[PDB]
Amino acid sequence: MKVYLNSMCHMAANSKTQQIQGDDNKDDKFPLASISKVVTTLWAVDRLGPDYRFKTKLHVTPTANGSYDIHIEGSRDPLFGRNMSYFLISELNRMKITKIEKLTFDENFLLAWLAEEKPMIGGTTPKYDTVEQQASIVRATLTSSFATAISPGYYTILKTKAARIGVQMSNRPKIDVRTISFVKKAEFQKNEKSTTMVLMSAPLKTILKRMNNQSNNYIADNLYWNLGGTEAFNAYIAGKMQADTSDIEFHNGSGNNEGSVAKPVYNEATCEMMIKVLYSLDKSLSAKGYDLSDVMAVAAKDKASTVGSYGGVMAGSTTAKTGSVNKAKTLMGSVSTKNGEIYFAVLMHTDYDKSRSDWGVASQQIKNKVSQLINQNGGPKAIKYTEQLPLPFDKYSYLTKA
């Protein structure tokens, strides 16, 4: 690979002028890769708030034969796949539901079994043209995965993690489901003897922490669509930053290639816009009592993240999001130094076709530049942070009768 710097820039968090320091390319657009996910994080924090929960509702009606019909009124929870399903099945059994006759769901019930795994973390997030096409696929996933025997290995890994955050799950959960179909919200009205039960996701801050630890494309793309997509994003950023297409041009929430191999399309912005995003996201989280480390990964301390391997002066001092696509490798976040907290962004150009004997070049240049920033500012100052365990649910997610 051959590499060169597109731009690097930075700003003290307490600057009274909010002038951004950096090279002469700091106001030129460059591909962002997954540092796009911090922009989606800021939009989601501003629109929904860090303590927002996706409230998926189950409408449960007893049946004549002693079982239940259940209709899922979806919430567009963007992290509802295998692990939330396992928790839901545990919770159904805790609520004495073991057999379902008719399971139906609406167009806001988004289910992607592998949402937190390969290949959805790094894949092209499915984009459906109609709700019927989406639901065809959700029905198939409910039939093949939700309704069939639970994997003992994945389930016991989840249950042990859930216990660490104070959530109870049963040892041998099991559900039987007779029939599964799509019912649009406009075609659903509850039965007279139905009980509504609410399954809340973990708070948005936790969903964002998991996304920004893993670099999860599925979660990022579905948050961006849920908030209105590109037309809504462009208006949000024009109203928030007085920015326009010359500052920032997005097409999806993840930063992944949104086009074809021969016509690729990547989110782009200027380095200065990345600093203004971080300043605004830090300000919105502080108003709710949170820090960037509540939604972004901490070097070394978040071992289940793309910066768990980072060491040196960044370990424990630096909160940051990585990105990589064919032509760009990027990093942005904050460094905590003896002279205070400093926002930064580093945007590198990569060419993988050349000098194939050379690898890890852009990553190591970025680490060296960020380390230098910390050291010019008196060295690292450890932040206050305990490694989080961000699962799709928490101890307030239990099914609860409304």
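Counting begins at 1, following the sequence as shown.
Peer 1: For the higher mean C-alpha B factor in the entry, choose 232-240 or 202-210.
Peer 2: Going by the record's values, the stretch with the higher mean is 232-240.
Peer 1: Comparing 215-223 with 252-260, where is the mean C-alpha B-factor higher?
Peer 2: Higher of the two, by average CA B-factor, is 252-260.
Peer 1: Just to confirm, going by the entry's C-alpha B-factors, which of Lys190, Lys329, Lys276, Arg82 comes out highest?
Peer 2: In the PDB entry, the greatest C-alpha B-factor among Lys190, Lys329, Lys276, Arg82 is found at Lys190.
Peer 1: According to the deposited entry, which of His71, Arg76, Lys321, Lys96 has the largest Cα B-factor?
Peer 2: Spelled out: the listed residue with the top C-alpha B-factor is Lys96.
Peer 1: Going by the recorded CA B-factors, say which third of the chain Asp176 sits in, lowest, middle or highest.
Peer 2: Ranked within chain, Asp176 CA B lands in the highest tercile.
Peer 1: Going by what the PDB entry lists, where does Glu101 fall on CA B-factor within its chain: lowest, middle or highest third?
Peer 2: According to the entry, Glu101 has a C-alpha B-factor in the chain's highest third.
Peer 1: Sorting the chain's modelled residues by C-alpha B-factor, tell me whether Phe54 ends up in the lowest, middle or highest third.
Peer 2: Answer is lowest: the recorded C-alpha B-factor places it there.
Peer 1: Can you tell me which third, lowest, middle or highest, the CA B-factor of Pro392 falls into for its chain?
Peer 2: Lowest third of the chain for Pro392's C-alpha B-factor.
Peer 1: For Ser293, does the deposited CA B-factor place it in the lowest, middle or highest third of the chain?
Peer 2: Its C-alpha B-factor belongs to the lowest third of this chain's values.
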